[PDB]
Every structure is written in structure tokens, then in C-alpha cells.
4 protein chains.
Amino acid sequence: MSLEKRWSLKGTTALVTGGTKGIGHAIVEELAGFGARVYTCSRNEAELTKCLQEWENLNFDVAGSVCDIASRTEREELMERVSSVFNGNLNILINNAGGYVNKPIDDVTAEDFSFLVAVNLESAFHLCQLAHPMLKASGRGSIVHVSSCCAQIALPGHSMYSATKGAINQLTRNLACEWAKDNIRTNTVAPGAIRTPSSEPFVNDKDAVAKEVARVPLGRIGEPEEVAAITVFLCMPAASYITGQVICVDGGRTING
Amino acid sequence: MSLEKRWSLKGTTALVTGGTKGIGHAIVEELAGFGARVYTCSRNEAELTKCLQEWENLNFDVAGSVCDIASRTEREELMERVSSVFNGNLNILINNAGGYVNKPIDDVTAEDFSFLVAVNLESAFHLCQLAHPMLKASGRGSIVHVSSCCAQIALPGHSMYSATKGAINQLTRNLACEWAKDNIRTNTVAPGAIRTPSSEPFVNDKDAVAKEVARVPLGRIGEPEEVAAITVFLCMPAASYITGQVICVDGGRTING
Amino acid sequence: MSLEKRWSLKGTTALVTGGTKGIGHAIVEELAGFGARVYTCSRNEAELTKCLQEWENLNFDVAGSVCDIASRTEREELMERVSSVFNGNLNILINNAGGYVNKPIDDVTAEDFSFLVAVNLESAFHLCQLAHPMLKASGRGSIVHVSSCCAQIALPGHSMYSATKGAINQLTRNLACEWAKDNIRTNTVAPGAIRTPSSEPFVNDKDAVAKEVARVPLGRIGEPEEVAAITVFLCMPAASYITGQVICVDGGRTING
Amino acid sequence: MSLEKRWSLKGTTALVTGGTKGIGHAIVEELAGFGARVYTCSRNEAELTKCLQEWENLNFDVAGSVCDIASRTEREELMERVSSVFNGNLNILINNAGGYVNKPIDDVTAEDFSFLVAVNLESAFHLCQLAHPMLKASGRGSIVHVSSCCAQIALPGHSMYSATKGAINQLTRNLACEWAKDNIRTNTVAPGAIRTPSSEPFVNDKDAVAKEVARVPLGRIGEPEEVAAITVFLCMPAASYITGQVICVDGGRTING
Ligand SMILES: NC(=O)c1ccc[n+]([C@@H]2O[C@H](COP(=O)([O-])OP(=O)(O)OC[C@H]3O[C@@H](n4cnc5c(N)ncnc54)[C@H](OP(=O)(O)O)[C@@H]3O)[C@@H](O)[C@H]2O)c1
Ligand SMILES: NC(=O)c1ccc[n+]([C@@H]2O[C@H](COP(=O)([O-])OP(=O)(O)OC[C@H]3O[C@@H](n4cnc5c(N)ncnc54)[C@H](OP(=O)(O)O)[C@@H]3O)[C@@H](O)[C@H]2O)c1
Ligand SMILES: NC(=O)c1ccc[n+]([C@@H]2O[C@H](COP(=O)([O-])OP(=O)(O)OC[C@H]3O[C@@H](n4cnc5c(N)ncnc54)[C@H](OP(=O)(O)O)[C@@H]3O)[C@@H](O)[C@H]2O)c1
Ligand SMILES: NC(=O)c1ccc[n+]([C@@H]2O[C@H](COP(=O)([O-])OP(=O)(O)OC[C@H]3O[C@@H](n4cnc5c(N)ncnc54)[C@H](OP(=O)(O)O)[C@@H]3O)[C@@H](O)[C@H]2O)c1
């Protein structure tokens with residue numbers, strides 16, 4: 001296969017959960033920029049409609065609908081709309097939307113626990129199950145979860161958040177092996193500190209980011225499109241021999257002494 | 001500190017969940033053999049009473065009560081009995097009891113998901129929270145989760161089971177870092193195929209174990225006391241500089257090509 | 001930067017060691033396909049000349065000279081020619097050329113040891129040293145080592161080969177952290193079994209292929225351009241936040257139980 | 001086997017390279033404390049003689065001879081003496097003695113490279129080869145390398161040192177798999193900062209200590225016997241199912257964000 005084909009996504013369809021802000025927003029534009037048809041979602045109808053209007057002016061083909069992926073019913077309705085819009089053919093699934101709690105281990109409540117598990121673990125797992133017939137039908141499927149580099153080290157207050165992301169890391173390996181017979185590859189991008197609306201409060205704390213950036217060899221927090229780039233590459237045919245891998249996008253955070 | 005003291009557990013107290021069968025049963029006898037006072041539990045009153053009667057004849061000091069660690073209420077009652085029996089001083093917590101489901105990813109039900117998470121992840125997490133005041137009060141605390149070597153590789157049908165065990169692996173690192181100030185170390189033993197009542201059906205399938213043992217460099221399945229030995233060592237003062245680690249007890253399974 | 005600029009190597013200069021066959025040949029053509037001026041080498045003058053002739057006819061700007069990277073003097077002369085050709089401005093360094101010995105541990109000779117160390121480890125380390133001033137001068141530097149997925153698992157007869165590759169994996173982390181101040185990133189691509197002239201004896205052993213393929217979830221040996229694609233991506237500005245990582249390109253080999 | 005027999009080295013024979021100071025000295029006394037007949041070595045005749053005199057007075061059966069493990073001829077003469085002393089029956093091989101250089105990557109000289117490779121990598125590999133017939137003859141063999149926790153992260157000035165130790169980590173996996181048929185297990189203990197005569201310049205730099213201690217969850221540098229304890233455990237029959245593992249002994253250093 002030629003270079004132009006191997007580095008292209010024209011004629012592919014993709015689903016990105018939580019694509020109205022930050023990393024997921026960058027992933028949607030990065031996928032559409034390489035010729036993919038993108039479907040996304042969020043919980044805010046006004047914000048989602050503004051983004052769909054913005055992407056239309058950029059000549060992108062992006063559809064979407066309101067969906068809280070922490071609800072089993074709404075995950076099923078979402079995959080039913082995706083299956084009808086894309087005619088049951090889905091090439092790409094990006095499990096981007098997540099949830100975050102920053103509390104010491106003693107302070108994690110029962111509701112904190114179930115919230116993180118529902119949005120970070122059960123949602124991705126169920127969406128993979130629902131996507132399986134469509135990924136197999138497309139002929140070339142690519143699942144990319146976005147996890148966190150703190151699923152390999154210990155950060156203060158990240159216990160249950162990092163634990164759910166660690167489960168996602170292992171789920172990557174099971175999916176890659178079980179669904180290899182369906183020509184479906186599964187990988188994970190694990191970001192470090194990235195400038196998103198969710199990381200804004202931490203970013204506006206001068207003393208907090210100074211502690212963080214000092215641990216980063218590249219000496220800065222990452223940008224959303226620095227995560228979206230590798231995410232998109234893993235979905236290209238050029239990555240046809242890469243499956244089951246956890247790629248850290250952290251500027252060297254986790255490997256730094 | 002002398003060699004005899006560093007390799008001893010005399011004068012310590014321990015809690016082992018699910019200590020009536022298999023690995024947990026071996027852990028209880030291994031802890032008691034080194035002079036520890038052991039508290040354990042299971043869901044079967046008759047079987048638990050027989051084990052407590054057996055350990056009494058072996059001159060062990062083992063107490064216990066019926067408890068389903070998948071229930072939040074029963075976990076709280078258990079830690080209240082442990083706190084009264086041990087006078088609020090607990091040195092060792094062994095999160096041994098677990099749950100297992102063997103199904104392809106497509107077949108994992110919503111009830112399969114919540115069952116595995118409750119017994120493998122939430123129970124261990126909550127029991128650590130409840131044990132924290134007593135571990136800090138003892139002056140030298142040791143938490144050991146028992147996970148699985150399949151939280152680092154992909155085995156058929158192990159998806160959600162391995163995913164919960166992967167979360168346990170990351171939780172080890174958070175606990176070791178957050179509670180280091182309380183002189184509490186946290187580690188994890190990750191067993192391979194071990195001869196227990198739970199692994200019996202797989203063990204009695206000649207073709208299935210032949211596939212498994214062929215992947216094991218040592219050419220056999222492990223015994224329960226091969227897991228209990230390292231578990232006990234991690235609780236001794238000799239392991240005083242080992243914390244946050246995931247030790248695989250698999251006969252070389254996961255590192256074998 | 002825009003999408004077009006982030007996914008481009010236009011205006012860059014690169015060095016690939018061993019680009020006349022196999023993976024290195026795929027990397028050269030992949031780099032030039034994205035607009036990079038390439039310099040390559042090998043030990044065979046006639047073969048390198050034919051490659052340079054072929055690449056010029058494909059309108060690539062690729063230069064080359066004969067060099068045995070296992071020779072310190074020839075590594076210095078190589079980096080001297082690269083400096084004059086590119087005017088002391090080098091963006092990319094790909095350490096591809098290596099050596100291989102398949103013998104049990106009892107059979108590895110002292111000459112086998114020193115050969116594997118010289119070609120797989122010392123060459124890459126020294127070339128990084130000699131390239132450091134030029135990479136810093138470019139303003140945007142990217143080092144990529146080609147290691148092996150068997151640096152994480154044990155394959156029969158791979159002991160010393162995998163040991164040197166394991167040393168490469170660690171060197172990646174040191175290079176990423178020490179030279180991040182110079183705007184240089186360092187990563188590593190660790191391939192599985194790839195169809196190259198070196199692997200030809202392994203590929204023509206139908207029994208040995210079937211044994212290896214059975215352990216690969218994707219059910220096949222990789223192709224050279226499947227390694228070259230991710231190699232080139234790690235050199236693009238799109239990978240600006242990825243450093244110190246070892247990316248296994250093996251079709252799921254190392255994570256398949 | 002019973003508890004007493006599984007946690008015993010009575011009747012065993014061991015070899016520790018570099019047992020006159022620091023970690024190796026702790027390993028010798030720890031092995032003999034459990035009943036093992038030990039053989040050790042160093043490059044200083046007077047110091048080794050005093051150690052042998054001290055160990056005899058403590059009623060240990062420890063023998064020794066002068067040997068520079070960086071010399072192939074002296075490694076062969078060493079293993080020749082070990083064979084006659086133990087009558088060709090060797091249970092345990094501890095590769096403790098090593099070398100260290102702290103320089104930035106730009107400053108590592110060709111002599112620094114070859115020195116680190118010879119003492120940290122080639123010595124251990126060759127000694128394993130020479131010990132293989134004796135370990136197989138013992139009927140129960142155990143190899144333990146002493147690597148470093150910095151073979152998983154990047155510390156300033158550790159590049160080549162950590163690279164050789166990273167090679168040791170991989171060699172552990174090959175040795176465990178190739179020699180499992182001979183009833184030989186191979187594992188690795190990877191220490192953090194330990195109070196040894198070698199680390200004395202680092203320990204007497206109050207600024208350098210505080211910088212390192214701040215990254216250690218346990219908030220202190222380790223002690224030699226904290227490394228020796230787990231080293232001895234991996235040689236006991238109790239560890240019969242543990243092989244091919246790298247156990248970090250660093251107080252949580254490598255997993256602390
Ligand atoms: N520093 C970092 O940013 C960082 C570091 C490590 C890992 N990560 C991971 O990277 C991923 C991206 O995170 P982010 O930083 O972009 O912030 P985020 O809050 O995880 O992403 C927010 C986007 O997802 C949507 N969303 C949130 N919860 C949702 C739900 N339950 N159902 C449907 N949509 C939902 C949001 O829209 P609405 O709020 O309107 O629903 C918004 O469009 C996350 O999974 C996170 O765990 C981020
Ligand atoms: N091959 C293997 O055996 C293997 C491999 C990898 C990992 N592991 C892990 O090693 C650990 C030990 O497992 P195992 O093989 O000994 O079998 P297991 O079924 O996990 O352990 C059973 C013991 O725990 C008790 N138990 C089970 N569920 C419980 C609950 N909800 N509440 C309280 N007690 C409970 C059982 O008593 P009752 O049933 O009477 O309650 C029994 O005493 C598990 O966590 C498992 O995940 C085992
Ligand atoms: N299955 C696989 O192919 C596989 C698997 C894992 C890792 N790898 C790694 O991936 C890399 C690519 O290997 P490959 O299979 O492409 O090898 P290959 O097909 O034999 O290619 C070797 C290339 O490097 C050149 N070369 C070899 N030794 C050299 C030296 N001392 N100095 C200068 N040039 C030299 C060769 O040219 P001359 O021979 O004319 O000098 C040739 O152009 C290697 O580092 C290998 O260790 C490969
Ligand atoms: N902070 C740490 O201490 C630390 C951290 C990470 C890893 N490590 C590793 O742990 C191991 C223990 O190091 P250590 O700190 O105990 O070193 P040390 O205190 O300097 O002990 C060195 C011992 O080995 C002997 N020795 C050194 N070079 C030798 C050679 N070429 N041939 C024969 N014997 C030799 C020495 O005796 P002579 O000098 O009289 O020959 C001495 O008995 C080393 O492999 C080291 O790389 C240590």
C-alpha cells in the first residue's frame with residue numbers, strides 16, 4: 001500500500017466520546033482533517049450544537065447527539081444513532097470522555113468510587129462491546145482509549161482515578177488479542193498534564209504547575225493536539241502492526257527520576 | 001535489628017480475607033507459623049468453623065467471622081470485630097478473597113462487570129480505608145493485595161477479571177506513596193495458575209492445563225504455599241525497604257516468549 | 001502549528017544507519033516521502049550506490065557513504081561527512097543497523113558478546129554523542145533507536161541480543177531526560193518478527209514461521225514499512241510531547257498470553 | 001515441604017562476588033545465618049582475609065580468594081576454586097560486585113563504556129555460564145543478580161551504568177527460561193540508594209541526600225541488609241515458583257510521581 005494511502009483516513013468513520021472540549025475536541029478535528037467522518041457527543045446540547053456548527057464551516061463532516069456515557073441506556077441509544085448514520089460501518093472508536101476526582105485515599109467516598117468506575121471503565125468497556133459488530137463490519141477497526149500516565153506511577157490524590165485508568169490499560173491488551181481475528185486493533189494513549197478545560201484549575205495554580213513542570217523533562221504541560229496526533233496515527237493503516245500498546249504522551253514525566 | 005527479629009512476625013496481628021480455601025488458607029497458616037495472630041473470614045460458617053477448629057489444634061491463634069466482602073455493610077462489621085479483637089492494632093492486611101468470570105468480551109454481562117468490580121476492586125479499596133487507622137496505630141503496617149499475572153498479559157476470557165486486577169496493581173502504588181508517612185508499606189503478589197479449589201475445574205481439564213503448563217518455564221502449576229511464602233515475607237521487617245511493588249509468582253509465565 | 005506543518009518533515013535532515021536493506025531501507029524512503037533530506041550508509045559499496053541511484057530516480061535527496069558502524073574511526077568519519085553535507089544541521093538520527101546471534105546461553109562466545117555489544121549498543125551510544133552538537137544546532141532534534149520486542153520477553157537463543165537491546169531501551173530514557181534542554185527527543189521502536197533480508201532464514205523455515213505466527217495475535221509477521229511509519233511519526237513535530245518511550249511494534253506479540 | 005524446610009538454606013552452597021563491603025557483605029552474613037556454606041571474593045587480599053577471620057569467629061563457614069571479576073582468566077580460576085571447595089555442587093550464585101560511573105552522556109569515554117560493560121554485564125554473564133554445570137549438579141539452583149532501580153528511570157549521570165543494569169534485567173528473563181529445565185531459577189534485586197562504602201560520597205553530600213530522599217516515599221536511603229534479605233529469600237525453596245522477576249528495592253522510588 002502506498003504512502004499516501006497508509007497515512008490517510010479518507011473514507012473512514014469514527015466515534016469520539018466527549019468531543020466538545022480539550023483533548024476530545026482536538027481528536028475530532030484531527031480525525032476530520034485526515035478525511036474521516038466523525039461522530040461525537042457530550043452532555044451539553046448548546047455547546048455540542050456550537051461545535052457542530054463550527055466544524056461545518058471548516059468543511060468537516062461531523063455529526064453528534066447529547067449522551068451521558070455513564071448511563072447504560074444512553075450508551076445504547078448513542079450506538080444506535082451511530083449505526084444508522086454510518087450504516088452500521090464504524091472504523092474508529094475513541095474512548096476519550098472521562099471523569100476525575102482528586103482526594104486522598106481516606107477521603108474517596110462510595111459515590112466517588114462508582115462515579116469514576118462508571119465513566120472511566122464501564123463506559124469504555126460497554127462502548128467497545130456495542131461497537132464490535134460495526135468495527136468488524138468496516139473491515140479495518142481501530143479502538144483507542146485515552147488513559148493517563150498516572151496509571152503507572154503514584155500522584156497525590158489520584159488513587160481511584162489512576163486505578164480506573166490502570167484497568168483501561170489492561171483492557172487494551174485483552175481487546176487487542178480477542179478481536180485480532182476481526183482485524184480490529186486496540187491501543188491506548190496515556191497523557192500527562194495537558195492544557196484542557198478540565199485541567200484549567202490546576203493550570204491556573206502557579207505553585208502547582210511549577211511542581212508539575214519541574215517533573216517534566218520538556219519543562220511544560222502538553223497541548224491537546226499533542227495527544228490527538230498519536231491517537232489519529234494509531235488509527236491509520238500505517239499503524240497496522242501496532243496493537244495492544246500503551247503509549248505515554250507525557251514529555252518524559254513517568255521515566256524521569 | 002537482628003536476623004531473628006527481621007525474619008519474624010511474633011507479636012503481630014493480621015487480617016486475611018477468604019482464608020478457608022486455597023491461597024488464603026495457605027496465607028493464614030504461613031502467617032500463624034511465623035508467630036502472627038490471624039483473623040480471617042469467608043461466606044460459609046460451617047467451613048470457617050472447621051478451619052478455626054483445625055488451626056486451634058495446630059496451636060495457632062486464629063479468629064474469624066462470616067463476612068461477604070462484596071457488601072459495604074459487612075466490610076464495616078468485619079473491621080469492627082477485628083478492631084475489638086486486636087484492640088485497634090492491626091499490622092497486616094491481606095486482600096486475598098476475589099472473584100472470577102471466564103467469558104469472551106462480547107459475553108460479559110452488566111452483572112458480571114459489577115460482581116468483579118465489587119469483590120476484586122471496591123472490597124480491597126474499602127478494606128484499606130477501614131484498616132488505615134489500625135495499621136497506623138500498630139506502628140508497622142503491611143498491606144498485601146493478591147492480584148494476578150494476567151493483569152500484565154492477555155488471556156482468553158480474562159478481560160474484566162484481569163482489568164480489575166490491573167486496577168489493584170495501580171492502587172498498590174498509590175497506597176505505598178500516600179501512607180508511607182504512617183510507616184505502612186503496600187505491595188502486591190500476582191500469581192499464575194495455582195492449585196486451589198477455584199482453579200480445580202481448569203486443573204481437571206487435561207487439555208487445558210497442558211496448554212497452560214506449556215507456557216510456564218517451570219512446566220507445572222503452582223501450589224498455594226508458593227504464593228503464601230512471598231506474601232508473608234513482604235510483611236516481615238526484612239522487607240522494610242520494599243513498597244509499591246508488583247511481584248509476579250508465575251514460574252516465568254509472563255516473561256516467556 | 002497547523003495540521004499540515006505538524007505532520008511534515010519538509011526542510012529536515014536525517015541520518016539512517018543501514019538503509020540499504022529491510023527496515024532501514026523502508027525508513028529512508030519513508031523519511032524522503034515526507035520531504036526529508038536523508039543520509040544513509042552500509043558496508044557494501046555496490047549495494048549503497050544502487051540504492052542511491054534508485055532513490056535519485058524517485059526524486060529523493062538521499063546521500064550515502066560506506067561505513068561500518070562497529071568501528072569507532074568509521075563512526076567519526078561518518079559523522080564528519082554528515083556535518084559537511086548538511087552544514088552541521090541534523091534534525092533526525094535513526095539508529096537502525098544492528099547485529100544478531102542466535103545461540104543458547106551456554107554457547108555464546110566472548111566474540112559473540114563483544115560483537116553484539118559493539119554493533120547494537122556502543123555504535124548507537126557513540127553516534128548519539130557525535131550527533132548531539134548537530135541535533136542541538138537544528139533547533140528540533142529527534143533520536144529514534146530500533147530495538148526489539150524481545151527486550152521485554154525471553155525468546156530461545158536471544159539472550160545476548162536481547163540484553164543489548166534492553167540496554168538500548170534504558171539509554172532511551174537517559175537521552176530523553178538529559179537532552180530535553182536541547183529540544184531533542186529520544187524514543188525507541190521495538191519490532192517483532194519483520195520480513196527483512198536478515199530474517200529470511202527464519203521466514204523460509206515453514207515450521208519456525210508457524211511457531212512464531214501462532215504467538216502473534218495479528219497472525220502474521222510484520223513488514224518493513226510498518227516499522228518505518230511509526231519511526232517517521234516520532235520525528236514529526238506532531239510528536240512534540242512524546243519522549244523517552246519504547247513503542248512495541250509486534251502485532252501484539254509481547255502482550256499475548 | 002514443611003515451613004521450616006521451605007525457609008532454610010541449610011545444606012546449600014553459595015557464591016557471592018564482592019562480599020567484603022556493603023550489600024555483598026550483608027548478603028554473605030545473611031546467607032550463612034540461614035545455614036549456607038558461602039564463598040566470596042574481592043580485589044583486596046588484606047580486606048578479604050579480615051572478613052574471613054570475622055566470619056569464622058561468628059561460626060560461619062565462609063571461604064574466599066582474591067579475584068577481579070572483570071578478568072576472564074580470573075573468573076575461570078575463581079569458578080575452578082569454587083568447584084573443588086564445594087565438590088562441583090553449587091546451589092546459589094549472587095552477582096553482586098559491579099562498577100559505577102557518574103558522567104553526562106557527552107562525557108562518557110570509550111574506557112568508561114568498556115569498564116561498565118565488563119564489570120556489570122560480561123562478568124555476570126560469563127559467571128552464569130561457568131556456574132551452569134554446578135548449579136545443575138546441585139539439583140536446586142538459584143541465580144540472583146543485583147541490578148539497580150535506575151534501570152527503569154533516568155537519573156542524571158547514570159546513562160551507561162543504567163544501560164548495563166538494564167541489560168542485566170533482560171538477561172534475567174533469558175536465564176529463567178533457558179535453564180528452567182535444569183531446576184535453576186534466576187531473579188534480580190534492583191536496589192535504590194543504599195548506604196554502602198561506594199555510596200559514601202553521595203551520603204556525605206547533605207544536599208544530594210536531601211534531593212534523593214525527597215523522591216523516596218519511605219523518606220530515607222536503604223540499608224545493606226534490606227537488599228540482602230529479599231536476595232536470600234529468592235534462594236530459599238519457599239520461592240520455588242518465582243523466576244524471571246526484577247524486584248525493585250527502593251522504598252517506592254521508581255513509582256513515586
Ligand atoms: N491533564 C489532562 O487533561 C489529562 C491528563 C491525563 C489524562 N487525561 C484524560 O484525557 C481524557 C480527556 O480529558 P480532558 O482533559 O479533555 O477533560 P474531560 O472532562 O475528561 O473531557 C471533557 C469532554 O468530554 C465530555 N464529557 C465529560 N463527561 C462526560 C460524560 N459522562 N458523558 C459524555 N460526555 C462527557 C465533556 O462535555 P460535557 O462536560 O459537556 O459533557 C467534554 O466535551 C480524559 O479521559 C482524561 O481522563 C487528561
Ligand atoms: N490460579 C489461581 O488460583 C489464581 C490465579 C491468579 C490469581 N488468583 C487470585 O488469588 C486469589 C486467591 O484465589 P483462590 O484461587 O484461592 O480462589 P478464591 O475463590 O479467590 O478464594 C476463595 C476463598 O475466599 C473466600 N471468598 C470468596 N469470595 C468471597 C467473598 N465475596 N467474601 C468473603 N470471602 C470470600 C472463599 O470462601 P467462601 O467461598 O466460602 O466465601 C475461600 O475461602 C484470588 O484473589 C484470585 O483472584 C488466583
Ligand atoms: N525480525 C526483524 O527483522 C527484527 C526483529 C527485531 C528487531 N530488529 C531490529 O531492527 C533493525 C533492522 O534490522 P533488519 O532486519 O532490517 O536487518 P537487515 O535486513 O540485515 O538490514 C541491515 C542493514 O544495515 C546494514 N548494516 C548491517 N550491519 C552494519 C554495520 N556494522 N555497519 C553499517 N551498516 C550495517 C546492512 O548493510 P550491509 O549488510 O551491506 O552493511 C543493511 O543495509 C535491527 O537493529 C534489528 O536488530 C529486527
Ligand atoms: N546505592 C547503592 O549502593 C546501589 C544502588 C543501586 C545499585 N547498586 C548495585 O548493588 C551492588 C552492590 O554495590 P555496593 O554499593 O555494595 O558496592 P560497594 O559497597 O563498593 O561493594 C563492592 C564490593 O565488591 C567488590 N568488588 C568491586 N569491584 C570488583 C571486581 N571488579 N572484582 C571483584 N570484586 C569487586 C569490592 O571489593 P574490592 O573493592 O576490594 O574489590 C567490595 O567488596 C552493585 O552491583 C551496585 O551496582 C548499588
# chains A, B, ... in the order shown; residues from 1 in each chain; ligands from 1
call {"tool": "select_by_dssp", "arguments": {"residues": "range 167-253 of chain B", "states": "alpha helix (DSSP H)", "output": "ChimeraX atom specification"}}
result
/B:167-178,200-203,206-214,224-235
call {"tool": "interface_residues", "arguments": {"of": "chain C", "to": "chain B", "cutoff": "7 Å", "atoms": "only C-alpha atoms", "output": "VMD selection string"}}
result
chain C and resid 153 to 155 255 to 257
call {"tool": "residues_around", "arguments": {"residues": "residue 235 in chain D", "least_positions_apart": "2", "cutoff": "9 Å", "atoms": "only C-alpha atoms", "output": "PyMOL selection string"}}
result
chain D and resi 9+91-92+141-144+185+230-233+237-240
call {"tool": "write_last_selection", "arguments": {"atoms": "C-alpha atoms", "output": "mmCIF file, in the first residue's frame"}}
result
data_model
loop_
_atom_site.group_PDB
_atom_site.id
_atom_site.type_symbol
_atom_site.label_atom_id
_atom_site.label_comp_id
_atom_site.auth_asym_id
_atom_site.auth_seq_id
_atom_site.Cartn_x
_atom_site.Cartn_y
_atom_site.Cartn_z
ATOM 1 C CA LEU D 9 19.371 -22.677 53.278
ATOM 2 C CA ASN D 91 23.237 -24.090 44.777
ATOM 3 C CA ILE D 92 23.412 -20.291 44.677
ATOM 4 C CA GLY D 141 19.829 -23.796 41.629
ATOM 5 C CA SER D 142 19.146 -20.106 42.190
ATOM 6 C CA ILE D 143 20.798 -17.161 40.424
ATOM 7 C CA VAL D 144 20.286 -13.624 41.741
ATOM 8 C CA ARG D 185 15.671 -20.109 38.882
ATOM 9 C CA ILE D 230 14.998 -10.460 49.683
ATOM 10 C CA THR D 231 18.131 -11.749 47.937
ATOM 11 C CA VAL D 232 18.285 -14.671 50.372
ATOM 12 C CA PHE D 233 14.531 -15.281 50.141
ATOM 13 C CA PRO D 237 12.779 -23.333 48.408
ATOM 14 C CA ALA D 238 9.892 -21.106 49.540
ATOM 15 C CA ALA D 239 10.494 -19.094 46.338
ATOM 16 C CA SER D 240 10.185 -22.238 44.184
#
call {"tool": "residues_near_ligand", "arguments": {"ligand": "ligand 2", "cutoff": "8 Å", "atoms": "only C-alpha atoms and all ligand atoms", "output": "PyMOL selection string"}}
result
chain B and resi 17-25+41-45+47-48+66-71+95-100+119-120+146-150+161+165+190-199+224
call {"tool": "write_last_selection", "arguments": {"atoms": "N, CA and C atoms", "output": "short mmCIF file (atom, residue, chain, number, x, y, z; two decimals), in the first residue's frame"}}
result
data_model
loop_
_atom_site.label_atom_id
_atom_site.label_comp_id
_atom_site.auth_asym_id
_atom_site.auth_seq_id
_atom_site.Cartn_x
_atom_site.Cartn_y
_atom_site.Cartn_z
N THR B 17 -8.59 -11.88 54.17
CA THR B 17 -9.93 -12.14 53.66
C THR B 17 -9.93 -13.44 52.87
N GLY B 18 -10.98 -14.24 53.07
CA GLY B 18 -11.11 -15.51 52.39
C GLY B 18 -10.01 -16.50 52.70
N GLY B 19 -9.89 -16.88 53.97
CA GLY B 19 -8.81 -17.75 54.38
C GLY B 19 -9.21 -19.18 54.67
N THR B 20 -10.33 -19.63 54.11
CA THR B 20 -10.78 -21.00 54.34
C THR B 20 -10.35 -21.97 53.24
N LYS B 21 -9.91 -21.46 52.09
CA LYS B 21 -9.56 -22.31 50.96
C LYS B 21 -8.31 -21.78 50.26
N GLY B 22 -7.59 -22.70 49.62
CA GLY B 22 -6.59 -22.33 48.64
C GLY B 22 -5.51 -21.39 49.15
N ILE B 23 -5.29 -20.32 48.39
CA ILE B 23 -4.18 -19.41 48.66
C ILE B 23 -4.35 -18.73 50.01
N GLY B 24 -5.55 -18.18 50.26
CA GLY B 24 -5.79 -17.51 51.54
C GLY B 24 -5.62 -18.44 52.72
N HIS B 25 -6.09 -19.69 52.58
CA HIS B 25 -5.87 -20.69 53.62
C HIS B 25 -4.38 -20.89 53.88
N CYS B 41 -11.92 -14.70 57.35
CA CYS B 41 -13.35 -14.70 57.12
C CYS B 41 -13.65 -15.48 55.85
N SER B 42 -14.92 -15.87 55.71
CA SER B 42 -15.46 -16.40 54.47
C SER B 42 -16.98 -16.30 54.56
N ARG B 43 -17.66 -16.79 53.53
CA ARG B 43 -19.12 -16.74 53.49
C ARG B 43 -19.78 -18.01 54.01
N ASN B 44 -19.00 -19.04 54.34
CA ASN B 44 -19.53 -20.33 54.76
C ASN B 44 -19.19 -20.52 56.24
N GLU B 45 -20.22 -20.51 57.09
CA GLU B 45 -19.98 -20.62 58.53
C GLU B 45 -19.45 -21.99 58.92
N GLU B 47 -17.70 -24.18 57.07
CA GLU B 47 -16.31 -24.34 56.64
C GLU B 47 -15.37 -23.47 57.47
N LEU B 48 -15.80 -22.26 57.82
CA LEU B 48 -14.96 -21.39 58.63
C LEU B 48 -14.76 -21.95 60.03
N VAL B 66 -18.12 -14.83 59.77
CA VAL B 66 -18.70 -14.85 58.43
C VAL B 66 -18.79 -13.43 57.90
N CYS B 67 -18.36 -13.24 56.65
CA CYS B 67 -18.38 -11.92 56.04
C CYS B 67 -18.30 -12.07 54.53
N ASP B 68 -19.20 -11.40 53.83
CA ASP B 68 -19.15 -11.28 52.37
C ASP B 68 -18.56 -9.91 52.09
N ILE B 69 -17.29 -9.89 51.66
CA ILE B 69 -16.59 -8.62 51.47
C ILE B 69 -17.12 -7.81 50.30
N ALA B 70 -18.04 -8.37 49.51
CA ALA B 70 -18.69 -7.60 48.46
C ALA B 70 -19.80 -6.70 48.99
N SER B 71 -20.11 -6.78 50.28
CA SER B 71 -21.10 -5.92 50.91
C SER B 71 -20.40 -4.85 51.72
N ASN B 95 -5.44 -8.75 51.20
CA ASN B 95 -6.65 -8.74 50.37
C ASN B 95 -6.60 -9.94 49.43
N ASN B 96 -7.01 -11.10 49.96
CA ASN B 96 -6.90 -12.35 49.22
C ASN B 96 -8.18 -12.72 48.48
N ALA B 97 -9.33 -12.62 49.14
CA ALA B 97 -10.58 -13.06 48.53
C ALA B 97 -10.85 -12.29 47.25
N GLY B 98 -11.28 -13.02 46.22
CA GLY B 98 -11.56 -12.43 44.93
C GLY B 98 -12.68 -13.16 44.22
N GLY B 99 -12.96 -12.71 43.00
CA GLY B 99 -13.99 -13.33 42.19
C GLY B 99 -13.52 -13.47 40.76
N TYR B 100 -14.08 -14.46 40.06
CA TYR B 100 -13.59 -14.84 38.75
C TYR B 100 -14.75 -15.08 37.79
N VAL B 119 -16.00 -7.32 44.22
CA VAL B 119 -15.21 -8.24 45.04
C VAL B 119 -13.71 -8.01 44.86
N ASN B 120 -13.28 -7.67 43.64
CA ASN B 120 -11.85 -7.55 43.36
C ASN B 120 -11.30 -6.15 43.61
N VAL B 146 -3.38 -9.59 46.70
CA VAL B 146 -3.03 -10.65 45.76
C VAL B 146 -3.86 -10.43 44.50
N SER B 147 -3.17 -10.26 43.38
CA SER B 147 -3.76 -9.85 42.12
C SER B 147 -3.70 -11.04 41.15
N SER B 148 -3.12 -10.89 39.97
CA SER B 148 -2.96 -11.99 39.04
C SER B 148 -1.93 -11.56 38.00
N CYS B 149 -1.15 -12.54 37.53
CA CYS B 149 -0.17 -12.23 36.49
C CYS B 149 -0.83 -11.87 35.17
N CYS B 150 -2.10 -12.22 34.98
CA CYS B 150 -2.83 -11.85 33.78
C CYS B 150 -3.25 -10.38 33.75
N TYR B 161 -11.89 -9.69 34.48
CA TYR B 161 -11.15 -10.16 35.64
C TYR B 161 -9.76 -9.54 35.68
N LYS B 165 -7.93 -6.62 38.33
CA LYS B 165 -6.63 -6.90 38.93
C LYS B 165 -5.58 -5.88 38.50
N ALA B 190 1.24 -11.33 42.41
CA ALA B 190 0.42 -11.62 41.24
C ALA B 190 0.63 -13.07 40.83
N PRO B 191 -0.23 -13.98 41.25
CA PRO B 191 0.01 -15.40 40.99
C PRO B 191 -0.35 -15.80 39.57
N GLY B 192 0.30 -16.87 39.11
CA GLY B 192 -0.10 -17.58 37.92
C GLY B 192 -1.10 -18.67 38.26
N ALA B 193 -1.12 -19.71 37.45
CA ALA B 193 -2.01 -20.84 37.70
C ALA B 193 -1.59 -21.55 38.99
N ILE B 194 -2.47 -21.53 39.99
CA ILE B 194 -2.20 -22.12 41.30
C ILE B 194 -3.28 -23.15 41.59
N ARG B 195 -2.88 -24.26 42.21
CA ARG B 195 -3.80 -25.35 42.55
C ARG B 195 -4.62 -24.93 43.76
N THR B 196 -5.85 -24.49 43.53
CA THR B 196 -6.80 -24.12 44.57
C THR B 196 -8.15 -24.72 44.23
N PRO B 197 -9.10 -24.73 45.18
CA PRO B 197 -10.47 -25.13 44.82
C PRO B 197 -11.06 -24.32 43.68
N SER B 198 -10.71 -23.04 43.56
CA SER B 198 -11.28 -22.21 42.50
C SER B 198 -10.73 -22.61 41.13
N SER B 199 -9.46 -23.01 41.06
CA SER B 199 -8.84 -23.43 39.81
C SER B 199 -9.03 -24.92 39.53
N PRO B 224 -0.40 -23.47 46.52
CA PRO B 224 -0.79 -22.30 47.32
C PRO B 224 0.33 -21.75 48.19
#
call {"tool": "residues_around", "arguments": {"residues": "residue 188 in chain C", "least_positions_apart": "6", "cutoff": "8 Å", "atoms": "only C-alpha atoms", "output": "list in words"}}
result
residues 144, 145, 146, 147, 169, 172, 244, 245, 246 and 247 of chain C
